[PDB]
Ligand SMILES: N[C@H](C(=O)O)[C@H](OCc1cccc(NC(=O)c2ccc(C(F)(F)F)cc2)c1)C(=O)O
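A single chain comes next, written as structure tokens; it is the form deposited without this ligand.
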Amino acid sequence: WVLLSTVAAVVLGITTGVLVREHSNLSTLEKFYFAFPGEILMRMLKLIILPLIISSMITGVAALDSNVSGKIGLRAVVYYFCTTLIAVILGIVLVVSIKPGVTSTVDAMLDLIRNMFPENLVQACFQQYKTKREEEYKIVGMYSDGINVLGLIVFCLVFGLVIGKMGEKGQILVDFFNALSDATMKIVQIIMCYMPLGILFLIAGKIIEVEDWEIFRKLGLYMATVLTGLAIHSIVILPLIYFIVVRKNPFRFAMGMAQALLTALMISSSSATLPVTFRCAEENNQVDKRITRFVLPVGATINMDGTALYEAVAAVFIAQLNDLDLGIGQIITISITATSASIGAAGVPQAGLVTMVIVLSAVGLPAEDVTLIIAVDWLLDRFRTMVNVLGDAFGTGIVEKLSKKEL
């Protein structure tokens, strides 16, 4: 029903926006009140990211440690991280070149590392460190507003690793954050019940304010940029990696999971396609059952290459829409956020919209601009899963080839 309601809200939002903007003249103040129901939605989304990031990173990282207990385990995880990072890098390259939403470097790099190690954990929830060069030059820093997503992610990564390996002593902390992540995901579900009504007034608000329909062109280019990046990563990146590691032909292997890919276009939930994905791995291809039953279940929630490439493109698109040139340090900041979003937002379909707010909040971009992304998300939702299961495809073959001795 989430897809049905989101499309209805987008359709109803456009109808309301065009009719309101043509059958009534609203003041700048009256346009602000008309978007209040959607403004309330946006501050709900920002309200939940802090518990979502902390609970999901600690539970996800601690879960990964338990899941992997051998040389086979680490190779699968290493592969997953590599593909997800590559997907993000490919997306970032396209936007700067394609430039859909258009018309110091040393200090920014150090600011990145400084923000990964915040001087206060409580302030990292609502403040970020920013340096400036002044004067024959001195560097002076200040704590501007904006949640420090990098600092929270890094600490929760270190904490999750320490808590996982503490054994029975840290079990109370694992249980505490396991329940916290479960509770926070139920709150995210409650927010997604209000999302259709909030999105209705946010799409309508964007329609009313804009006097030129050229935003449709920009949004169309963004749709192409994500589609171009998703296509390249599926036929020009993922196969060669399979080629390089697995000397066999990649398109023979990729052609072998038409059933899983087709099922990924019907249910649009990689977890729901697991039964088909297993059958393809054992029946059409030759991958030992023991390797597949480890790699694929983990990849169903860790390996999300389609989503990672989509979020990275969208975040830079929003920056260009606002004409805020993305400093390179910010460009990297989107890379770790998107990669860590695989467990940083619990890797749950409900948290698909929440991640963009996290990515936008990391780089201090208007979160309200995510409405244009949500307008066409449902068009790209089916295909993002296609790459996600596709990445889980080449992992089974790659990991088995590398870890053949262990099997």
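The first residue of the shown sequence is 1; numbering continues from there.
Unmodelled residues of the deposited sequence between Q286 and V287: none, the chain being continuous. The gap between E135 and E136 holds 10 or more unmodelled residues of the deposited sequence.
Only in words, not in the display: the form solved in complex with this ligand, which the text now covers.
Using a 2.4 Å cut-off against backbone and C-beta atoms, this ligand, superposed onto this form from its pose in the deposited complex, places 3 or more atoms that close, and the site is blocked.
Contact check for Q171: no non-hydrogen atom falls within 4.5 Å of this ligand in the deposited complex. Proximity of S234 to this ligand in the deposited complex: non-hydrogen atoms within 4.5 Å are absent; the residue sits far from the partner. For the chain shown alone, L26 is not a contact residue for this ligand in the deposited complex, no non-hydrogen atom being within 4.5 angstroms. Though the partner is left out of this view, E368 does not reach within 4.5 Å of this ligand in the deposited complex, counting heavy atoms only.
Residues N148, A315 and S361 are none of them found to lie within 4.5 Å of this ligand in the deposited complex, as judged by heavy atom distances. Among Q128, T225, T277, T307, the residue placing a heavy atom within 4.5 Å of this ligand in the deposited complex is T307.
Residue in contact with this ligand in the deposited complex (any heavy atom within 4.5 Å), chosen from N322, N178, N249, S269: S269. Of the residues in 329-351, those that come within 4.5 Å of this ligand in the deposited complex through at least one heavy atom are, in sequence order, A341, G344, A345, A346, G347, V348, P349, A351.
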